[PDB]
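Asker:
Residue numbers (PDB author numbering), protein chains in the order written: chain B, 1 to 145; chain A, 1 to 145.
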């Protein structure tokens, strides 16, 4: 449950995404929930850290550029957590990156259309989350080591 | 434009979805483009017809319940039509289904949040397409053979 304070432009950069099965989402650092499936090339900046079972936190750009075989954390619609491997490693070309600074000092850098999960369980575009001043789901009880 | 004229409740019925490897969409009879990925169980009614290379039009309920290995049609982000195999067969249980009747009499029977492609290339829930009077994408010259 964290709100997005600011949104600042970070330039055009090569951006990335991953695909998984199940609920088509994966956990970022500290428990935010990004979507893992889309028609449009929704993407995240290179440095965006993803929590993995094997190696801990890794930047998605490293996971994709090196096609690292690893397992990420997902959430169901009940709210309970589970693991599943990365299935697709997406290089989404050059797109405009925007830096969303959260109320808690966290940074999410991504395309405006990348969907993230609100507290209610809605998968809404990050830019829509920011302007409607909605709360980002932040999952607790992820492993911390 | 290809717009939905009416929305009618059909009740709870057994519903179905399929998954594909890339793009995450597939063509229905009459050229509507249905999304193949979402956080929530979004699904189609049994008799919803999917165009396949090898069998022609097949009910999605038959595809899922007999695990029919077939090849569907999908659109990429540049508008190109291509074929790819079904990768996942999803029995989505019993859900509420609505009949969406298009201006020309074409029907779509789905759960209200099932995503479909609009003429500009967005994937939006069919309920929002109906309510905001959006123009569905409809592809032609798909080999119905």
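The beta carbon of each residue, even a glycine, is placed where N, CA and C say it ideally should be.
Can you pull the chain B neighbours of residue 39 of chain A, defined as C-beta to C-beta under 8 Å?
Answerer: Looking up residue 39 of chain A in the second chain gives position 39. Those within 8 Å of residue 39 of chain A in chain B are 23, 24, 25, 35, 77, 117, 121, 123.
Asker: Should residue 119 of chain A be labelled buried (16 or more other beta-carbon atoms within 10 Å of its own) or exposed?
Answerer: Against the second chain, residue 119 of chain A aligns to sequence position 119. With fewer than 16 Cβ atoms within 10 Å of its Cβ, residue 119 of chain A is classed as exposed.
Asker: In angstroms with no decimal places, state the Cα-to-Cα distance between residue 79 of chain B and residue 145 of chain A.
Answerer: Against the first chain, residue 79 of chain B aligns to sequence position 79. Against the second chain, residue 145 of chain A aligns to sequence position 145. In a straight line, the C-alpha of residue 79 of chain B is about 44 Å away from that of residue 145 of chain A.
Asker: Would you tell me roughly how many angstroms separate the C-alpha atoms of residue 83 of chain A and residue 48 of chain A, rounded to the nearest one?
Answerer: Residue mapping note: residue 83 of chain A aligns to position 83 of the second chain, counting from 1. Residue mapping note: residue 48 of chain A aligns to position 48 of the second chain, counting from 1. Those two C-alpha atoms are separated by around 19 Å.
Asker: Expressed to the nearest angstrom, what Euclidean distance is found between the alpha-carbon atoms of residue 24 of chain A and residue 36 of chain B?
Answerer: As a position in the second chain, residue 24 of chain A is number 24, starting the count at 1. As a position in the first chain, residue 36 of chain B is number 36, starting the count at 1. Looking at the two C-alpha atoms, the distance is approximately 11 Å.
Asker: Between residue 105 of chain B and residue 8 of chain B, what straight-line distance do the alpha-carbon atoms span, to the nearest angstrom?
Answerer: Counted from its first residue, the first chain places residue 105 of chain B at position 105. Counted from its first residue, the first chain places residue 8 of chain B at position 8. Answer to the nearest angstrom: the Cα atoms are 14 Å apart.
Asker: Taking the C-alpha atoms as reference points, what is the distance between residue 108 of chain B and residue 6 of chain B?
Answerer: The residue given as residue 108 of chain B occupies position 108 in the first chain. The residue given as residue 6 of chain B occupies position 6 in the first chain. Residue 108 of chain B and residue 6 of chain B: Cα-Cα distance of roughly 10 Å.
Asker: Compute the distance between the beta-carbons of residue 43 of chain A and residue 87 of chain A, then report whether it is under 8 Å.
Answerer: For this step, residue 43 of chain A is matched to residue 43 along the second chain. For this step, residue 87 of chain A is matched to residue 87 along the second chain. The answer is no: Cβ separation not under 8 Å.
Asker: Compute the beta-carbon to beta-carbon distance between residue 57 of chain A and residue 12 of chain A, rounded to the nearest angstrom, for a pair I have assumed lies under 8 Å.
Answerer: Position 57 of the second chain holds residue 57 of chain A. Position 12 of the second chain holds residue 12 of chain A. Contact doesn't hold; Cβ gap of about 25 Å is too wide.
Asker: According to DSSP, simplified to helix, strand and coil, what is residue 130 of chain B?
Answerer: The residue you call residue 130 of chain B lines up with position 130 of the first chain. Residue 130 of chain B falls in the helix class under three-state DSSP.
Asker: Can you give me the start and stop residues for the alpha helix (DSSP H) that residue 11 of chain B sits inside?
Answerer: Numbered from its first residue, the first chain carries residue 11 of chain B at position 11. Here residue 11 of chain B belongs to no alpha helix (DSSP H); instead the beta strand (DSSP E) covers 2 to 19.
Asker: May I ask whether a heavy atom of the ligand HEM can be found less than 7 Å away from the beta carbon of residue 26 of chain A?
Answerer: Within the structure as shown, the ligand HEM is missing, as the structure has no ligands at all.
Asker: Alpha helix (DSSP H) containing residue 60 of chain B: first to last residue?
Answerer: Residue numbering aside, residue 60 of chain B sits at position 60 when the first chain is read from its first letter. 60 to 65 is the extent of the alpha helix (DSSP H) around residue 60 of chain B.
Asker: I'd like the span of the beta strand (DSSP E) that includes residue 51 of chain B, first residue to last.
Answerer: Working through the first chain from its first residue, we reach residue 51 of chain B at position 51. It spans 49 to 52 - the beta strand (DSSP E) in which residue 51 of chain B sits, taken as one unbroken run.
Asker: State the beta-bridge partners of residue 90 of chain A as determined by DSSP.
Answerer: On the second chain, position 90 is the one that residue 90 of chain A refers to. Paired residue(s): A:17.
Asker: If you follow the beta strand (DSSP E) that residue 72 of chain B is part of, which residue opens it and which one closes it?
Answerer: Working through the first chain from its first residue, we reach residue 72 of chain B at position 72. Taken as a continuous stretch (DSSP letters only), the beta strand (DSSP E) holding residue 72 of chain B covers 71 to 75.
Asker: Quick one: grab the DSSP three-state call for residue 56 of chain A.
Answerer: For the purposes of this step, residue 56 of chain A is taken as the residue at position 56 of the second chain. Looking at residue 56 of chain A - three-state DSSP - the assignment turns out to be strand.
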